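This text opens with one protein chain seen in two forms, each one given by itself as structure tokens under the names structure 1 and structure 2.
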Structure 1
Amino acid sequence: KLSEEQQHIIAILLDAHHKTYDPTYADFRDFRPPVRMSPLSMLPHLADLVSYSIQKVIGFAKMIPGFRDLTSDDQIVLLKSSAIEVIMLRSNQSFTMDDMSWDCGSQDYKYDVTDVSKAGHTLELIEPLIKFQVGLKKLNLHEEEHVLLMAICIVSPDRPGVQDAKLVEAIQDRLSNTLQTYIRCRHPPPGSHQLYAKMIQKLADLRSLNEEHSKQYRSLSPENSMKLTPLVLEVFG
């Protein structure tokens, strides 16, 4: 069912994820500490978490077959546009349904709606993010699907600034066909079609979430910017 090339793609993506996601979360101890009582007391800790996560996303992207073959400029636009979406996706691994929080192994490293708001984010923007996480979690995806979706998310031809959209499209299509084939090996029709249609809808949701926060963001006018990291400043503009 899966050709050797499709299997080779998945093997590479699984290994990329395993190298870039540490489920012990030990590195969190080196962040500025979380502070819950200011007023943005969680912003240093959460800014470090985002900065760290951007680095992991870069790591992952560099292992995506053909990504490195793109021009540097196209690699840069793809990552600047996709980074927050991939972080939202990858974060589903820590997300817990019972508490509606991201549980990273300890009470201190367990993040809820109030903690995110203490990082300077609006409740109106956070609610769809939680909703997203719940819906994703309910799909109960295999790790093979999870890493392929992350990859598909990164390599999208329809991101602004992409010069070589055909080449970017050729990579995503190989990833997409691999994903479709994977699902079909796990499920006959029509369940296969329904599950794929759901993943596609989740990518559109992520995109709408990105566009809504960046709309807000681009429509904002130092005290908080000072607390961000150099890499976050660069990536988020």
Structure 2
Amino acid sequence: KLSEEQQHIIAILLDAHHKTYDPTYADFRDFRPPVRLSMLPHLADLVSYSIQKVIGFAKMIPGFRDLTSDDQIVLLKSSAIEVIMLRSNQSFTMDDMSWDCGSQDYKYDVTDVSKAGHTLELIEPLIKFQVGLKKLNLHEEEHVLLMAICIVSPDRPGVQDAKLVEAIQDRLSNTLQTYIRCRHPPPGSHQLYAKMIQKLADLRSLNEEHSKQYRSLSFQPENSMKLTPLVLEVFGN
């Protein structure tokens, strides 16, 4: 049976996501215009925007406030790119293997991601991830839970209070496991939890590749000028 507390957690996550995720993408206009490292100014801004939205989602997660701010900081810094990649799935379209944001100018393709400082080494595995995640055909409830579980990870380096961070994660993971069983019908249900957890593992690797690529881009001072200060603080550290 799905419990009242667990139903509460799903309602909170779904609403927090609606508040932090606009399917219109209206704000995209605020970003520096994309050029088709022509993309980098535009895409750095989108990531900087995405970071802010991820933070707003993270605050809403039940039990996240209980954590020390330092622990809040460590989780967000390490998970930010991963959550942004998970969130992106919503815009990502199988039809063209690209992220569609509503307009041609805001529609993003491997060349565009390449256009702004990223190797295929990152991009080829990332596109595979979006395809595999899309295949899962997750309920919005599942997608929101995965993002939350990803943010609250006990193992992230620098974590002070893993015991608390695991206890918060466990409640979210139990809610997801119970939700799949109670509200997810076979066959889609089949091995659905384990597959979602595998996606978290794929994220870690994607995150690591991003770190090394960002650092290479970061090392050149001129390229670093293109980025936002919030991007420099989080991914730059």
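Residue numbering: structure 1 sequence, from 1. The term rigid core refers to the maximal set of C-alpha atoms that superpose within 1.5 Å between the two forms. Shifts are known only where both forms have a C-alpha.
Measuring CA movement between structure 1 and structure 2 with the rigid core aligned, the set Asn210, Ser192, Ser51, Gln172 has one residue at 2 Å or more: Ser192. With the core fitted, the CA of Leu125 sits 1.1 Å away from its counterpart between structure 1 and structure 2.
Taking a Cα shift of 2 Å or more after superposition on the rigid core as the cut-off, the stretches of three or more consecutive residues that move between structure 1 and structure 2 are 186-193, 215-221.
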